[PDB]
Amino acid sequence: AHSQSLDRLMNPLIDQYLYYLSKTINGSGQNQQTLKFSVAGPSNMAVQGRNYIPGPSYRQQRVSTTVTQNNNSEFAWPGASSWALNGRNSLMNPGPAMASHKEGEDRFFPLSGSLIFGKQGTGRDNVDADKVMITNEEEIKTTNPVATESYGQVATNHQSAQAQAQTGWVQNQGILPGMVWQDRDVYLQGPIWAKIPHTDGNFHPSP
Amino acid sequence: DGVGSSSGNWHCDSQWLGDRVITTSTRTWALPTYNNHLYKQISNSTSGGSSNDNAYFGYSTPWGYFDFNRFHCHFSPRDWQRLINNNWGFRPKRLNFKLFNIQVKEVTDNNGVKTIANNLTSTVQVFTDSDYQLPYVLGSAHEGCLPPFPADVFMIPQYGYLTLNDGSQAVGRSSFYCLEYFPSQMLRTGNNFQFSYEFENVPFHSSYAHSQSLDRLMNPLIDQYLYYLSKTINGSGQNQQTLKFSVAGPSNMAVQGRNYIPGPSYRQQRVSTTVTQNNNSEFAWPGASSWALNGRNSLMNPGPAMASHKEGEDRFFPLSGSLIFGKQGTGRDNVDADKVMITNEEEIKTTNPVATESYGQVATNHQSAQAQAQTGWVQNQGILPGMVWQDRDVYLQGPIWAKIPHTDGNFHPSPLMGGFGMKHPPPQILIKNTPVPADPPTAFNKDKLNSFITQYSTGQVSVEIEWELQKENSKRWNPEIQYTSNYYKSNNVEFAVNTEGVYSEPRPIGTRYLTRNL
Amino acid sequence: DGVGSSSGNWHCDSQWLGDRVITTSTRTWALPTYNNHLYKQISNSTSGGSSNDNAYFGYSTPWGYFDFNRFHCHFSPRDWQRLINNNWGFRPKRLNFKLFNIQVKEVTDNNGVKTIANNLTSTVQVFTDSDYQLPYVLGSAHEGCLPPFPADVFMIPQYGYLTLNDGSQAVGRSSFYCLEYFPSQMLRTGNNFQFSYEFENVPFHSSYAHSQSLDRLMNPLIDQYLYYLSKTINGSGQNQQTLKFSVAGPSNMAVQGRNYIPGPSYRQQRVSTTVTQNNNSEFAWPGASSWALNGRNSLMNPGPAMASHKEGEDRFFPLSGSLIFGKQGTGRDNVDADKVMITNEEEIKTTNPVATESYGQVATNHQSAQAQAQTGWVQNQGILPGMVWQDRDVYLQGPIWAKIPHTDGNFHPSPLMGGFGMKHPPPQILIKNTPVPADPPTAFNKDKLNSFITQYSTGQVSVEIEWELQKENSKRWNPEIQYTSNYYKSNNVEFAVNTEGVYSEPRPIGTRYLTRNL
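The rules behind these values
Residues numbered from 1 in each chain as written, not as in the entry; some residues may be left out. Chains lettered and ligands numbered in written order. Part of a larger assembly, values for the part shown. Heavy atoms only, no water. UniProt positions renumbered as here; feature names shortened; annotations may be inferred. Helix = DSSP H or I, 4+ residues; strand = E, 2+ residues; numbered from the N terminus. Rg over C-alpha atoms; globule rule 2.2 N^0.38 Å. Buried < 20%, exposed > 50% of the residue type's maximum accessible area, 1.4 Å probe, protein only. Contact = heavy atoms within 4.5 Å. Areas by Shrake-Rupley, 256 points an atom, 1.4 Å probe, with all protein chains shown as cover. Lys, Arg positive; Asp, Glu negative; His and termini not counted. Charge placed at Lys NZ, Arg CZ, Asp CG, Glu CD. Buried area = accessible area lost by both parts, 1.4 Å probe. Salt bridge = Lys/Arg side-chain N within 4 Å of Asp/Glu carboxyl O. Polar contact = N/O pair within 3.5 Å; in protein donor to acceptor, adjacent residues only side chain to side chain. Nonpolar A, V, L, I, M, F, W, Y, C, P; charged D, E, K, R; others polar. Least-squares fit on C-alpha atoms. Pairing = 2+ DSSP bridges. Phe/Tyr/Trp six-rings, centres within 6.5 Å; stacked < 30°, edge-to-face > 60°.

- Deposited coordinates in this entry are attributed by the record to X-ray crystallography, at a stated resolution of 2.8 Å.

- If you check the PDB entry, chain B appears there as Capsid protein VP1 from Adeno-associated virus 9.
- This entry appears in the Protein Data Bank under the title "Structural Characterization of Adeno-Associated Virus Serotype 9".
- Recorded under Subcellular location (unreviewed entry), the UniProt text for chain B is reproduced unchanged: "Virion".
- Entered under Sequence similarities (unreviewed entry) in the UniProt record, the comment concerning chain B runs "Belongs to the parvoviridae capsid protein family."

- As annotated in the PDB entry, chain A is Capsid protein VP1 from Adeno-associated virus 9.

Okay, here's the thing in structure tokens:
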């Protein structure tokens, strides 16, 4: 597991020799626009320039183990992430490797983003939570985005004197040059290998 | 090899040997004693609290480190120009580092009367993180590199690092590193240090701009043998549908079939230099593009390489899509536009999409007798087979290399801030003044000593790097664009010293001047 | 080899070479001038009187000494863990010691204004007690060893010793040793010292816990071919005696015949951590187990290795049957329970009797028609042929070796405080600043000079030890117990530095994690 995260790789004692836009307004009131810049320093790590960004994503629905927190409706298939192949839909499962949940919210898990084995003697259909074992893909939260979260935000317009800046949520993000990530962990009860399909192309054919 | 003998000479200059350039730089440094000889735990908590996006946990150490990960640490502006105007590419190959003429001084302060003397028997410790076992701090665009001007005497930056954090707290997997738990060379004045490093294979940085764009690669005189849907209606009125096709010809290049498409994107907000055109509100962070990692948001900066703006709209720039350096003497906070220098990523508009624009449009439904065709804007587009692109340019004041994170996967690990990515980049070089205890009590005491003779060291550093050049081989008839100085008279010389003796770099300088076909 | 040349480098780290581990540590020390360059007689009399049990006679010398007889002087916590979780045993083999980068400083104090300068021509004397002719002071669990954290600068402890005493007085056989009457190496800054030592054959320390107990070694499915007396009475009433025998079977394991019995014991008083359960009286010394030597009583501490308590009663501990270290920063006197760390000798309950319990019972009479059978409790039991036992565990903060007293006889000379016993352990290393006279009178005087230039020295020490490992070879199917850090978040990292720069070892760490059959 990584002992440091992608967004925390700098020296917490020195500033960058790079600046960032810190103010677009000089204070409330009419025509108060300006452009103020500041040095990206230890005091504001979130804004620092970085060479590498987190791996790809494909947002999964978030389900809770403490049932009363889930919506009172059937969403196992309706609210599930999926892909289509020649008119047929298949559950995106387990999909891209992503962290199972944010810090501490251990009661949460992606609808079909992790592997779940059955405990000894567990039945075949409609078995309760306590009779199954859900894997926890947490150690990779240092490089891979969280499965039940958005990858981030992007601008969606041209802010101007008349229009305000707008952002939209990135629900699924394909590979971008500069991305870095970890692959799904392997388990004692898990599979070992897989046959890479014989095709013209593929990307990082790790099962 | 003693007190009265120099342990090295001043080597500073470049040699152009055809397909290779050898830069050698010497600077004289100063190293204070950091942290009172202590390793200290730090967090956004010991920093005076903060927001979650800025939370962190780590340690500050009593060590300093050498950093020369910026081009102007090796290239004089004149050399950068020679490089820029005559080669299509370049890359580092070998590196040779030296530390010499060490002088450890002892400071005495009695009744405000301060005095400095040599402490001949004192040592300085040095070691290289050859196995990358310490958190790599270089390549995060940090201050504290060798100064661009040879005459400047600089202070060595203090080393510190970060591990896993949950707010201002540590987690089970958080790592603590003690640099004393590393073998290091000890040297007294009269001793010296040195080592060599081989750059692993890295592709040449493209120091050229394309002389043609991705959408304009055909023969403007011939038609394709391919057709395209040109009419779905025979004219206004009821039930006028049809299907008419036409040959993709010179008259309609936009529609022609193509083998390669523009690189990936991640839309950035567009900001104007002429302030009155911007919205009257604070959108520096709200309207900024970002990514999330375990609940924390980080500014997508500088992000994927994209053109800074459409043709002519030079007053525009991506909110955080380009690098911005400060002009000489510029302050640290809320500095005005005129006191900063914003890089212009324009030359790559021939292959990379514009940062403040959408990648394109895609259909979002099934047009039918009842429904009209609908399209949506692609605000961010990941890699697609067939994509082609250029990487961020590199600058005289910019970074040179970066350490590619050791992970299961990555894609085109070229540092987003620009430069050469490497799994094993030049190793970190750590240095520290060995602590010298003051007089201890004459009765034993188990407590660690906390009373030290105040000291600091100084000496010279030498960095020699061998660069490989990829020379131009163009058959272009007309002259090319070249980086040049201004002919017009002026008060000071560009890239020279002040009347106060202050060296200053008037503007950023990229490498994309020469051209090449696609 | 002069004033401006380092006389050694910083070596600090470990190498795991399969069946061997090589630990190397470097620390930087400080040596004051002890005792005003005088040998002084000391006793409980010059100490301000005392009780007879604390009477003593000896000498304090102007010499200091090096001590690295604690595991954390060589193993980083991470290494201790690697050792602990993967080997069934280990032991030292070779040792290499070094002293270098000596700096002798002279302190001047005129009108309170203190100033420190180098005294280049001054020397420091060093020598090893290779023939064990001096009283061995190491292995008495004394403070003053190399600090566990590499960055800590430590003060060298002062050497002193004791001989025979009769109250505060000496006896004819009392010995006086002068360390100047030993050849010693003299070194000025620029000179260094070093030596090697071979550990004599010592058994591997057992870094495993047994996966079965002495009383549970049979096959739980088969009976023995041995019988036992099961009935001496045929039922209540007059003259109902008989003799009925039964086969010792699975149903009655307590009665089965066995080939080996539990180790020796010496009952300790039982103390509880939840105070309200203890008697309301002072019994720290009164109720303590002890031994007498020539009229003087000494606390039996830590005594024979015995299990700290019965199953589950974790709140209990033997009055002085286990080692207790202080937490970081804990005071010297009457410190509360929460500021100390009490070791738990539990893993050996599979073979060693419980410290706070009786060894067992024995008959004390001849039962007959008139007298009933009687038993008595065995409070202390010496060795018996057939006994089997484990020795005290060793800890990261604990001692490593001890000198086996040179005597006609001894039994299983394994140091009771834990560790490796040796007739010829690592020799004592004595160091001292050679006295430098102040200006003497210009007229001869027979009296020994008593006016000296005040001085102190400082330098580096290196200790490299080669350890032999005995790797695990278990056929156990289920996972083992392993020493691990806590997953849960927290303010500081365990075994790391503070926000004040204070290194601290949160808890004691034994070696018995892996298991092995009996």
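1. Examining the overall build of chain A
- Secondary structure summary: chain A contains 0 helices and 14 strands in total.
- Element order for chain A, N to C, with α for helix and β for strand: β-β-β-β-β-β-β-β-β-β-β-β-β-β.
- The globule rule puts the C-alpha radius of gyration for 207 residues at 17 Å, and the 22 Å found for chain A is more than 25% above it.
- Along the longest, intermediate and shortest principal axes, the C-alpha atoms of chain A span 70 × 40 × 40 Å.
- Relative to its full complement of 207 residues, chain A shows a buried share of 47%.
- At a minimum sequence separation of 6, the contacts of chain A that also span at least 24 residues come to 59%.
- Counting every atom, chain A has about 10,800 Å² of accessible surface; 50% of that belongs to carbon and sulfur.
- Of the charged side chains in chain A, 15 are positive and 16 negative, and the gap between their average positions amounts to 5 Å.

2. Re the overall build of chain B
- Helix and strand counts for chain B come out as 1 helix and 34 strands.
- In terms of overall dimensions, chain B has a C-alpha envelope of 110 × 55 × 45 Å along the principal axes.
- A buried classification covers 52% of the 518 residues belonging to chain B.
- Surface accessibility of chain B: about 23,000 Å² in total, with carbon and sulfur atoms responsible for 49%.

3. Quick word on the UniProt feature "binding site: beta-D-galactose" (unreviewed entry) in chain B
All names here are of chain B.
- Within this numbering scheme, the UniProt entry marks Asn 252 and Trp 285 as carrying the feature "binding site: beta-D-galactose" (unreviewed entry). A maximum C-alpha distance of 41.9 Å among these annotated residues, which run over 34 residues, shows that they spread across the structure rather than meeting at one spot.
- Mapped onto the fold, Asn 252 is located in the loop between β15 (241-247) and β16 (261-262).
- Mapped onto the fold, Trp 285 is located in the loop between β18 (270-272) and β19 (290-293).

4. Overview of helix α1 (residues 77-86) of chain C
- Looking at α1(C), one finds that the buried residues are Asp79(C), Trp80(C), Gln81(C), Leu83(C), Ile84(C) and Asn85(C).
- On the buried face of α1(C), the contacting elements are β1 (13-16), β5 (87-110), β31 (455-471) and β32 (514-516) of chain C.

5. Looking at the interface of chain B and chain C
- At the junction of the two partners, chain B supplies 55 residues and chain C supplies 67 residues.
- For the pair chain B and chain C, the summed buried surface comes to about 4,600 Å²; carbon and sulfur atoms form 58% of the total.
- The largest share of the area that chain B buries against chain C comes from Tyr181(B), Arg188(B) and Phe444(B), three residues that together contribute 16% of it.
- The salt bridge partner of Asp152(C) is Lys448(B), with a shortest N-O separation of 3.6 Å.
- Along the contact surface separating chain B from chain C lie 25 residue pairs in polar contact.
- Of all elements in the fold, only β3 (40-43), β4 (57-66), β5 (87-110) and β10 (185-187) of chain B reach the threshold of two or more residues within the side of chain B that touches chain C.
- Here the residues of the side of chain B that touches chain C are counted per class, giving 26 nonpolar, 20 polar and 9 charged.

6. Examining unusual backbone geometry
- Following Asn93(A), the chain continues to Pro94(A) via a peptide bond in cis, the omega torsion being 0°.
- Here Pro94(A) shows up in the loop between β7 (88-91) and β8 (108-110).
- Of note, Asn36(C) is a non-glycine position whose phi angle comes to about 60°, a positive value.
- Take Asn36(C): it is sitting in the loop between β2 (20-31) and β3 (40-43).
- Residue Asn36(C) is classed as exposed on the basis of its relative accessible area, which comes to 53%.
- The backbone phi angle of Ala141(C) is positive, close to 55°, even though this residue is not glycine.
- Structurally, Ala141(C) is set in the loop between β7 (124-128) and β8 (153-155).
- Exposure remark for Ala141(C): the relative accessible area of 54% places this residue in the exposed category.

7. Concerning the relation of the copies chain B and chain C
- The transform that puts chain B on chain C rotates by 72° and translates by 0.0 Å along the axis, for an RMSD of 0.0 Å. Look at the turn and shift together and you get a five-fold axis relating the two.
- Interface overlap between copies: only 7% of the residues of chain B at the interface are likewise at the interface in chain C, consistent with a contact formed by different surfaces.

8. Looking at the environment of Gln367(B)
Residue and element names in this part refer to chain B.
- Note that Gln 367 resides in the loop between β25 (360-363) and β26 (375-378).
- As for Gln 367 and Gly 4, which are separated by 363 residues in sequence, their C-alpha atoms are 88 Å apart.
- Excluding its chain neighbours within four sequence positions, the residues that come into contact with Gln 367 are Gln 372 and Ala 373.

9. Thoughts on the arrangement of the chains
- When the 2 pairs of chains in contact are ranked by number of contacts, first place goes to chains A and B.
- Across the gap from chain A to chain C, with no contact made, the nearest C-alpha atoms are 10 Å apart.

10. Brief notes about the pairing of strand β19 (residues 290-293) of chain C
Residues and elements named next belong to chain C.
- As defined by bridge partners, β19 adjoins strand β20 (residues 296-299) across 4 bridges and the pair is classed as antiparallel. In the strand pairing of β20, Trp 291 is matched with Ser 298.
- Adjacent in sequence and paired antiparallel, β19 and β20 are bridged by 2 residues, among which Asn 294 carries a positive phi angle near 50°.

11. Re the packing of aromatic side chains
- All told, the structure shown has 71 aromatic pairs over all chains when counted by the stated rule.
- Between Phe71(C) and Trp467(C), the ring centres sit 5.8 Å apart and the planes meet at 35°, which makes this aromatic pair tilted. Placement of the pair is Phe71(C) in the loop between β4 (57-66) and α1 and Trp467(C) in strand β31, with a sequence separation of 396 residues.
- The class for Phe71(C) is buried, based on a relative accessible area of 0%.
- Seen from their ring centres, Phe90(C) and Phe420(C) are 6.1 Å apart, and the 75° between their planes marks the pair as edge-to-face. Taken together, the positions of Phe90(C) in strand β5 and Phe420(C) in strand β29 (residues 420-422) put the pair 330 residues apart, joining distant regions of the chain.
- When its relative accessible area of 1% is taken as the criterion, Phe90(C) is described as buried.
- Judged by relative accessible area, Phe420(C) falls into the buried class, the value being 3%.
- Taken together through their ring pairs, the aromatic side chains of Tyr39(B), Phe57(B), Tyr59(B), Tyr65(B), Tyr159(B), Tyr161(B), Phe176(B), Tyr177(B), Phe149(C) and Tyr503(C) make up a single cluster.

12. Concerning the UniProt feature "binding site: Ca(2+) 1" (unreviewed entry) in chain B
Residue and element names in this part refer to chain B.
- In this numbering, the UniProt entry assigns the feature "binding site: Ca(2+) 1" (unreviewed entry) to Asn 344 and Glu 347.
- Topologically, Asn 344 is positioned in the loop between β24 (340-342) and β25.
- Judged by relative accessible area, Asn 344 falls into the partly exposed class, the value being 42%.
- Excluding residues within four positions of it along the chain, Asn 344 makes contact with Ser 308, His 309 and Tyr 395.
- At 3.3 Å, the side chain of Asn 344 forms a polar contact with the side chain of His 309.
- Looking at the element boundaries, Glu 347 is found in the loop between β24 and β25.
- Here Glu 347 is in contact with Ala 209, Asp 393 and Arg 512, once residues within four sequence places are set aside.

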